[PDB]
Amino acid sequence: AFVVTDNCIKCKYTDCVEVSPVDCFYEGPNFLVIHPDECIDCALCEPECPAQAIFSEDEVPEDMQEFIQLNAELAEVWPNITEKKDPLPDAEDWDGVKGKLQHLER
Ligand code: SF4
Ligand code: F3S
């Protein structure tokens with residue numbers, strides 16, 4: 001399973017969803033998560049995230065380990081997304097800000 005981590009919060013470019021062969025991504029207000037039972041680890045998405053937020057589960061940084069379980073839990077409540085859409089409005093101002101998990105909306 002690939003894991004979407006912090007920097008996607010408040011950026012949500014959705015460039016990642018075009019490349020996906022299965023419907024692995026599930027959509028929230030300002031973040032996207034990958035459903036771990038459905039990702040087939042094709043690795044195609046992580047070169048596409050402008051925010052460089054997608055990691056192989058085995059490569060999620062020490063300080064971002066929360067995300068592995070977050071992606072699994074939210075993937076069970078959030079709707080599947082399959083079309084790219086426009087990035088959230090202020091996406092570049094937040095790209096690269098650390099500590100964005102305090103801003104996650106459900
Ligand atoms: S690695 Fe592939 S199957 Fe997995 S979330 Fe990315 S695009 Fe989807
Ligand atoms: S910022 Fe998020 S919506 Fe996808 S393209 Fe990157 S993981």
Side-chain angles (χ1 to χ4, degrees):
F2 274 67
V3 182
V4 172
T5 58
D6 198 93
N7 201 23
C8 179
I9 295 173
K10 291 224 153 199
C11 297
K12 195 192 172 187
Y13 293 106
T14 68
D15 288 298
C16 53
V17 317
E18 264 109 302
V19 84
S20 207
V22 291
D23 51 15
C24 40
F25 287 91
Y26 289 71
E27 200 199 336
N30 68 1
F31 177 63
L32 253 83
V33 290
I34 284 159
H35 192 312
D37 304 332
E38 290 169 12
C39 172
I40 62 179
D41 294 286
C42 75
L44 256 33
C45 48
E46 78 132 283
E48 304 285 295
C49 176
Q52 288 297 301
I54 294 190
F55 289 90
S56 190
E57 174 176 27
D58 49 86
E59 296 185 28
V60 165
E62 193 276 306
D63 60 347
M64 287 198 291
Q65 292 284 309
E66 326 73 89
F67 285 106
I68 300 172
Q69 193 199 312
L70 246 194
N71 280 236
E73 303 278 5
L74 292 173
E76 303 290 315
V77 303
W78 278 353
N80 188 200
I81 176 186
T82 50
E83 301 197 53
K84 188 188 149 70
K85 65 226 285 192
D86 286 309
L88 289 170
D90 281 19
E92 351 284 78
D93 293 348
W94 291 97
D95 192 320
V97 170
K98 84 151 195 281
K100 281 193 284 170
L101 185 55
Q102 38 164 330
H103 302 102
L104 185 96
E105 277 162 71
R106 200 190 147 133

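Residues take their numbers from the sequence shown, with the count starting at 1. All heavy atoms count here, side chains included; hydrogens, waters and symmetry mates do not.
Cluster annotation: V19 is not connected to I40 through the hydrophobic network of ILVMFWY side chains, with a link wherever side-chain heavy atoms come within less than 4.5 Å. Cluster annotation: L44 and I81 are assigned to distinct hydrophobic clusters (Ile/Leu/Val/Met/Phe/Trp/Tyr, side-chain heavy-atom contacts under 4.5 Å, transitive). Note on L74 and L88: separate hydrophobic clusters, where clusters join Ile, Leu, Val, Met, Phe, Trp and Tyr whose side-chain heavy atoms are under 4.5 Å apart, directly or indirectly.
Atom CG of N80 and atom OG1 of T82 lie 6.0 Å apart (nearest 0.5 Å). To the nearest 0.5 Å, atoms CD (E66) and CG (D6) are separated by 8.0 Å. Interatomic distance, OG1 of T14 versus NZ of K12, reported as 7.5 Å (0.5 Å rounding). How far CG of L70 is from CD of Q65: 12.0 Å, rounded to the nearest 0.5 Å. In this structure, CG in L32 is found 9.5 Å from SG in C49, a value given to the nearest 0.5 Å. If you take CD1 on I54 and CD1 on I34, they are separated by 4.5 Å, rounding to the nearest 0.5 Å.
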Given side-chain contact (heavy atoms from CB on, under 4.5 Å), test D41 with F2 step by step and report yes or no. CA-CA 6 Å; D41 294 286; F2 274 67; 3.6 Å; yes
Kindly indicate, with the supporting measurements, whether the criterion side-chain contact (heavy atoms from CB on, under 4.5 Å) is fulfilled by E76 and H35. CA-CA 8 Å; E76 303 290 315; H35 192 312; 3.0 Å; yes
Are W78 and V33 close enough, and set up right, to give a side-chain contact (heavy atoms from CB on, under 4.5 Å), and what steps lead you there? CA-CA 9 Å; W78 278 353; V33 290; 3.8 Å; yes
For a side-chain contact (heavy atoms from CB on, under 4.5 Å) check, start with the C-alpha distance between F55 and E46, then their side-chain angles and the critical distance, and finish with the verdict. CA-CA 7 Å; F55 289 90; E46 78 132 283; 5.9 Å; no
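The minimum heavy-atom distance linking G96 with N7 is given by the pair N-OD1, 2.8 Å. Among all heavy-atom pairs drawn from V22 and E38, the shortest one is CG2-O, 3.4 Å. Shown here for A53 and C8, the closest heavy-atom pair between the two residues is CB-N, 3.6 Å. Between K84 and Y13, the closest heavy-atom pair is NZ-O, 2.9 Å. In this structure, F31 and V4 approach most closely via the heavy-atom pair CZ-O, 3.6 Å.
In this structure the side chain of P79 never reaches within 4.5 angstrom of the side chain of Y26, judged on heavy atoms. With a 4.5 Å cut-off on side-chain heavy atoms, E73 and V77 do not count as touching. Using a 4.5 Å cut-off on side-chain heavy atoms (C-beta onward), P87 and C11 make no contact. Side-chain contact between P36 and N71 is absent, with no heavy atoms from C-beta onward closer than 4.5 Å.
Annotation for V97: hydrophobic cluster partners, listed by chain and number, are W94 (ILVMFWY side-chain heavy atoms under 4.5 Å, direct or chained).
More than 12 heavy atoms of other shown residues, nucleotides or ligands fall within 6.0 angstrom of atom CD in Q52. Within a 6.0 Å sphere centred on CD of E62, other residues, nucleotides and ligands contribute 12 heavy atoms or fewer.
For the pair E105 and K10, the salt-bridge criterion is not met [side-chain N within less than 4.0 Å of a carboxylate O].
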